[PDB]
Amino acid sequence: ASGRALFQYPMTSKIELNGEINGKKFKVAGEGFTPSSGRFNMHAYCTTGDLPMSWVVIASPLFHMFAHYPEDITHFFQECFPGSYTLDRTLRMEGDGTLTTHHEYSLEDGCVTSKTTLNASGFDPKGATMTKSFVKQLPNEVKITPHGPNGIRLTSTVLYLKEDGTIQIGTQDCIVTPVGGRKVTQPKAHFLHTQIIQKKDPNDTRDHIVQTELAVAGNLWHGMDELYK
Ligand SMILES: [Cl-]
């Protein structure tokens, strides 16, 4: 049993996230549900106190193996199992700060555990990330291409909505590296439509978020694959 056969739904998730932003150290944990392909939720919470940054910005740090792929595009993230992969992200909040994250994953008993680190340095202390002035981030299309002999790269531009209805941009890039000692067949260049929605639990006492991601792959631009050898 490998690849897509390891992702029979429903499944669950856990996260352990150790973070630091502008020298403010924090920890997040969470548990989540993946009812079906491409729809995955996570109820996270700060275990150190209040989260010292926007929950909207931390949303993408908070599981691409749960994205929904058609049969005719390789689901690289699922095909990495068994063995797993690492994810390394850079998120540049333009004019604000840059953060990085590193993710390791393990699958056991239908549950993917993410162990993530986040490091953010140089953020504007009056910016929207630190002041928690974002309402949501808009849905976007993430470009996925082969990268190196055995990886893939994900890129996106994110529009972050401030309370005043205006936008701030983030630029996001990730590299995905199989860690399983084996070559995983790269997909053709394609895109992932991603929507992140956040709400609060009616009763939880912690600083927390209840987040849902919808992530659906498609060959949006058939010609794109020719450009990536
Ligand atoms: Cl927030």
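No hydrogens, no waters, no symmetry mates; every other heavy atom, side chains included, goes into these values. Positions are given from 1 along the sequence.
The distance from atom OG1 of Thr34 to atom CG of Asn41, rounded to the nearest 0.5 Å, is 7.0 Å. In this structure, SG in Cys46 is found 12.0 Å from CD1 in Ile209, a value given to the nearest 0.5 Å. The distance from the CD1 atom of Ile175 to the CG atom of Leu87 is 9.0 Å, given to the nearest 0.5 Å.
For CZ of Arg39, the number of neighbouring non-hydrogen atoms (other residues, nucleotides, ligands) closer than 6.0 Å is 12 at most. The number of heavy-atom neighbours closer than 6.0 Å to NZ of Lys199, taken from other residues, nucleotides and ligands shown, is 12 or below.
Ring pair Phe81/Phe7 is perpendicular by interplanar angle, where above 60° counts as perpendicular and below 30° as parallel. Between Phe66 and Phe63, the ring planes lie parallel to each other; the angle is under 30°, not in the 30° to 60° tilted range.
Side-chain atoms of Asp109 do not come within 3.5 Å of backbone N or O of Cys111 as any donor-acceptor pair. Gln78 places no side-chain N or O within 3.5 Å of a backbone atom of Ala5 that could act as its donor or acceptor partner. Side-chain N or O atoms of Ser84 include one that pairs as donor or acceptor with a backbone N or O of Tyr105 at under 3.5 Å. When atom types are taken as modelled, the side chain of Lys115 and the backbone of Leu17 share no donor-acceptor pair closer than 3.5 angstrom. For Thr48 (side chain) and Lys27 (main-chain N/O), a donor-acceptor pair under 3.5 Å exists by modelled atom type. Not a single donor-acceptor pair under 3.5 Å links the side chain of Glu31 to the backbone N or O of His43. Checked by atom type and distance alone, the side chain of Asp204 pairs as donor or acceptor with a backbone atom of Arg206 at under 3.5 Å.
Within the structure, side-chain hydrogen bond (donor to acceptor under 3.5 Å, both in side chains) contacts touching residues 122-137 (residues at least two apart or in different chains) are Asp96-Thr129, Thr131-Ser133.
Between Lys188 and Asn219, every side-chain heavy-atom pair lies at or beyond the 4.5 Å cut-off. Side-chain contact between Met42 and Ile15: present, with at least one pair of heavy atoms (C-beta onward) separated by less than 4.5 Å. The side-chain heavy atoms of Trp55 and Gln211, taken from C-beta on, include no pair separated by under 4.5 Å. Using a 4.5 Å heavy-atom threshold, the side chains of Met65 and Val112 count as touching. In this structure the side chain of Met53 never reaches within 4.5 angstrom of the side chain of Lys24, judged on heavy atoms. Side-chain contact between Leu107 and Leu6 is present, with at least one heavy-atom pair separated by less than 4.5 Å. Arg89 has its side chain within reach of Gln172: a pair of non-hydrogen atoms, C-beta onward, lies under 4.5 Å apart.
For the residue pair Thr116/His103, the side-chain donor-acceptor check at 3.5 Å is satisfied. A donor atom on one side chain and an acceptor atom on the other are not found under 3.5 Å apart for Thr171 and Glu94. No side-chain N or O of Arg92 forms a donor-acceptor pair with one of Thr98 less than 3.5 Å apart.
The two residues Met11 and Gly110 make their nearest non-hydrogen contact at CB-O, 3.2 Å. Residues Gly30 and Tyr45 come closest through the heavy atom pair CA-CE2, 3.8 Å. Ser37 and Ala67 make their closest contact through OG-O, 4.0 Å (heavy atoms, listed as atom of the first residue, atom of the second, distance).
Taking the six-membered ring where the residue is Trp, the centroids of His190 and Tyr69 are separated by under 6.0 Å. You'll find the ring centres of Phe40 and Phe33 outside the 6.0 Å limit.
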